[PDB]
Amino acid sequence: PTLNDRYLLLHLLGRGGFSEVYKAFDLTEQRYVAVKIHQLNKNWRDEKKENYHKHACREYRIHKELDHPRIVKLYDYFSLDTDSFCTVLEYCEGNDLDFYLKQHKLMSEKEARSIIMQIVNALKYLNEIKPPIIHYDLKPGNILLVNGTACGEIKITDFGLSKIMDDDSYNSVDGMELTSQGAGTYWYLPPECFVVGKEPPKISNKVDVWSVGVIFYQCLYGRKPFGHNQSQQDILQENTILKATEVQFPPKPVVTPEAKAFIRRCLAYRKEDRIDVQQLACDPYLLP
C-alpha cells in the first residue's frame, strides 16, 4: 500500500494523538522506516488547521537538520490530501523510558547513569549546532530505549516545544524570553518557567539541566522529586515548582553521595547557581 512512490506500508506500530505510525519499507534506500501519518480533522476548520500545520512544519525543520546517534533521525515529509501529511523517521525498536518505569518501578544507579550520559551527549550536540537548541520537553516519554533495556542504547525525540537560541532571541547575559508560557510537562521544568508577571521569563539551556536532574532522580527512586502526586493544574495552583528549593532523598534505595551531589548541581533552584549544558557535559560524575 505504497506512499510517495517508495514507502511500502507494512503494519501498524502505534497511534499518537492525531496520528498513526506504520512500519514501512523504503524501496529507494532499501531500509525499514517509520511513516507517521498525521490525520486532522474536518471540523477544526480555518484557524486551528494552519497553526497545527505550522507547529508541525516548525518541528520538522528543526529536527530534519539534527544528525547524532542519540537523536532519532527524520528522513522525509510529504502531504497526502489537504487534511493530512506524513513524516518519515528512523525505525526504532522497543518502547520508551516512561513505559519501562511503569513495568519496573525504578532502576539501578549504574543503569540510571548509563541513560543520563547518553542524554547529556545529545544535549552537548544540541549546544554545538548551527544556532543552539533548548530541547524544552525532556521527559521519559521522549527517551526511547531502543534495545529494550536500561543498560542499552537510547535516543531522544520530540522537538515540538524546542526553543532556538539564535542571535535575535538569545544572548549569554540575559538569555531568551520564554515563548509559550504554560506549555510542557511541569514536573521536568525549572522554577524560572513558572514566574508570571509583566514580562515573560528569561531562560537558557539550563532548563534542560533541570530536566536531566529530575529524570535521573526518577530513574533511581521511582518517584518524581517535586509534585509527585499532583496534576498539572495542581502544580500551578500550589506553586509546587516555585517551592522546590531543596531536594530530599529517601534513605532506600541506596544511591552514592556522588550521585546525590550530581542531582543537587542539576536541581539548583536559582538558575545562576545551576550548571549549564556545557558544564553538565564535563561533570565529574559522568566521566568514564
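Residue numbers run from 1 along the displayed sequence.
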Which of the two stretches, 138-146 or 78-86, shows the higher mean Cα temperature factor in the record?
78-86
Average Cα temperature factor in the PDB entry - higher stretch of 215-223, 36-44:
36-44
Using the temperature factors of the C-alpha atoms in this entry, rank residue 238 within its chain: lowest, middle or highest third.
highest
C-alpha B factor of residue 67, ranked within the chain: lowest, middle or highest third?
middle
Quick check for you: using the entry's CA B-factors within this chain, is residue 153 in the lowest, middle or highest third?
middle
Would you mind ranking residue 162 by its C-alpha B-factor against the rest of the chain and naming the third, lowest, middle or highest?
middle
Relative to the other modelled residues in the chain, which third contains the C-alpha temperature factor of residue 256: lowest, middle or highest?
highest
